[PDB]
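Counting neighbours? That spans all protein chains shown, and the Cβs are built from the backbone with ideal geometry, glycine included. None of the figures in this text is laboratory data; all of them are computed from the coordinates on show.
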Amino acid sequence: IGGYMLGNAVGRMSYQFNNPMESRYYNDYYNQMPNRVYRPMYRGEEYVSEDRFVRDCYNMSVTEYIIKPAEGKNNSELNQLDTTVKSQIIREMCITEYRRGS
């Protein structure tokens, strides 16, 4: 990766979700949650599908909102639902990037 960059934003997502916890949590936590998605600029990949793009993009996105907030935020297992939604949303945010980037 030549660097991470922020491509395009999303916009309050508010997709279907699987369970209303994921929706409500995203909407109250919207302020802590991301407003956009970041991008792995490969200079020579040529062998990634959307499953590899979404994971590699995800794998950055997650750290940006798990390891960074580790500075001093003691959830104590409160992070379970935080990660539950944040996993789901980052995957969906990643799919949307392909669908505005096209």
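Among what's in segment 21-68 and is in contact with a strand residue (DSSP E or B) (Cβ under 7 Å, 6 or more places away or on another chain) and among the polar types (S, T, N, Q), pick the residue that is farthest from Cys94 (Cα to Cα).
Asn35
Can you work out which of the residues in segment 41-88 that are among the basic types (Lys, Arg), more than 23 Å from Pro20 (Cβ to Cβ) and under 14 Å from the mean Cα position of the chain (by Cα) is surrounded by the fewest Cβ atoms within 10 Å (Cβ to Cβ)?
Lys68
When you check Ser87 against the structure, is it among the hydroxyl-bearing types (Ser, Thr, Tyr), within 22 Å of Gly2 (Cα to Cα) and assigned to a helix (DSSP H, G or I), yes or no?
So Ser87 does not fit the description; no.
Out of the residues in segment 9-31 meeting the condition of being part of a loop (DSSP other than H, G, I, E, B) and within 12 Å of the chain's Cα centre (by Cα), tell me which one is surrounded by the most Cβ atoms within 10 Å (Cβ to Cβ).
Ranking the candidates gives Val10 first.
Going by what's in this entry, would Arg99 be described as touching an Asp or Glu at 6+ places or on another chain (Cβ under 9 Å), free of Cβ contacts under 8 Å to residues at least 24 places away in the same chain and under 19 Å from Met5 (Cβ atoms)?
no
I'd like the full set of residues that are outside any loop (DSSP other than H, G, I, E, B) and either free of Cβ contacts under 8 Å to residues at least 40 places away in the same chain or closer than 14 Å to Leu81 by Cα (or both), limited to segment 37-46.
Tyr38, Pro40
Provide a single number: the residues in segment 89-102 that are over 14 Å from the mean Cα position of the chain (by Cα) and farther than 23 Å from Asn27 by Cβ.
2
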